[PDB]
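Novice: Here's a structure for you.
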Amino acid sequence: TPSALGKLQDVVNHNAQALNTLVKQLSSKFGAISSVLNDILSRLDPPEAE
Amino acid sequence: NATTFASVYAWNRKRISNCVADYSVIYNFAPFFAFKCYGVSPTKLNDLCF
């Protein structure tokens, strides 16, 4: 029966999902032209880049 | 550096690609009276490879 070690295996899936979401939410545009800071600093002028 | 230009309803768009363009010679072609770069910056057009 592989569902007996479930509580211990859900303390790991939750941590992995939290880390994966925290990493994936870096490629999401929060109002900018892209999600790469280098792209923002290269394309836009310092005023709009700020 | 052209002489023949179409009207406003026509575009005559020439797709410049597959060749390394330099945006530093455009300042020596003719004295411009307007330079509005939306999204990009005129100083950093050289390093950016679109």
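Here, A, B, ... name the chains of the structure tokens in the order displayed, residue numbers run from 1 inside each chain, and ligands are numbered from 1 in the same displayed order.
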Would you give me, as a PDB file with C-alpha atoms, in the first residue's frame, the residues of chain A that come within 10 Å of chain B, using only C-alpha atoms?

Specialist:
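File written: out26.pdb
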ATOM      1  CA  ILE A  33       7.171  45.300 -21.220  1.00  0.00           C
ATOM      2  CA  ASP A  39      15.654  43.950 -21.130  1.00  0.00           C
ATOM      3  CA  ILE A  40      14.005  46.765 -19.154  1.00  0.00           C
ATOM      4  CA  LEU A  41      17.367  48.444 -18.575  1.00  0.00           C
ATOM      5  CA  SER A  42      18.432  48.023 -22.209  1.00  0.00           C
ATOM      6  CA  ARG A  43      15.303  49.032 -24.136  1.00  0.00           C
ATOM      7  CA  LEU A  44      13.744  51.784 -22.012  1.00  0.00           C
ATOM      8  CA  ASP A  45      15.338  55.033 -20.890  1.00  0.00           C
ATOM      9  CA  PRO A  46      16.287  55.385 -17.190  1.00  0.00           C
ATOM     10  CA  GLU A  48      10.664  54.796 -17.776  1.00  0.00           C
ATOM     11  CA  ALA A  49      12.963  51.967 -16.681  1.00  0.00           C
TER      12      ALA A  49
END

Novice: Would you pick out the contacts of residue 26 of chain B at 12 Å or less, using only C-alpha atoms, so that residues sharing its chain but fewer than 4 positions from it are not included, and give the list as a list in words?

Specialist: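 Close residues of residue 26 of chain B: residues 1, 21, 22, 30, 31, 32, 35, 42, 45 and 46 of chain B.
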
Novice: Any idea what the distance is between atom CA of residue 35 of chain A and atom CA of residue 23 of chain B?

Specialist: 25.4 Å

Novice: Taking the DSSP secondary structure from the backbone, can you list the residues of chain A that are helix (DSSP H, G or I), as a ChimeraX atom specification?

Specialist: /A:6-24,37-43,46-49

Novice: Figure out the distance between atom CA of residue 32 of chain A and atom CA of residue 47 of chain A, please, to one decimal in Å.

Specialist: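 Distance reported for this atom pair: 13.3 Å.
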